[PDB]
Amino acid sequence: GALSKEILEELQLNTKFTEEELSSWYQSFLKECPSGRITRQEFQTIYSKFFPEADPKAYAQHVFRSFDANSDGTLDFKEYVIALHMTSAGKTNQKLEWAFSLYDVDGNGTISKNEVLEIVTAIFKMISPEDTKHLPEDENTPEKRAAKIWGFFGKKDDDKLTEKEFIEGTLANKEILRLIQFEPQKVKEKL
């Protein structure tokens, strides 16, 4: 019952985890989750446990949605590993399509102004109140951060932000990168 070659290959292209590491992790995953599927509540519990200083429910729910790629209401091992990797490992620039999916809350193919606010707020809640005191003054509340992102993209209130533009802007404008950042440790390291 080893993890398949096909899934191993995909995971190794999309993360830097090794085959040995992934295969070992998967065997324990199955022992603890014998259906090979994690529910949203179970995923939330992981983030509740490992961010005790934060309020991670909203963030974990958005991450779950983003990585439940077949929309079946559970994460399989592949989806779960990619989700954990998104929040906690690897380089931002290799994740920008997933970042787009995170920000496109309703999945309609574009990001709206309110979606930016929703996701920025969920991310902001991953930071301890103590660490927020060290954010730049003009970037120290979700409202300021979200408004600034929208302004950096040059958008009218009812405009729709495409993935093409999202990726361009996050690559080119390092201030956009800073503000859209979704890995809690990177938001912290930056401040």
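Residue numbers here begin at 1 and follow the sequence given.
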| query | finding |
| --- | --- |
| Entry-level comparison of average CA B-factors, 55-63 and 134-142, reporting the higher stretch | 134-142 |
| Between 164-172 and 18-26 (mean CA B-factor, as deposited), the higher | 18-26 |
| Residue of maximum C-alpha B factor among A69, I123, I46, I149, per deposited coordinates | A69 |
| CA B-factor ranking of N108, expressed as a third of its chain | highest |
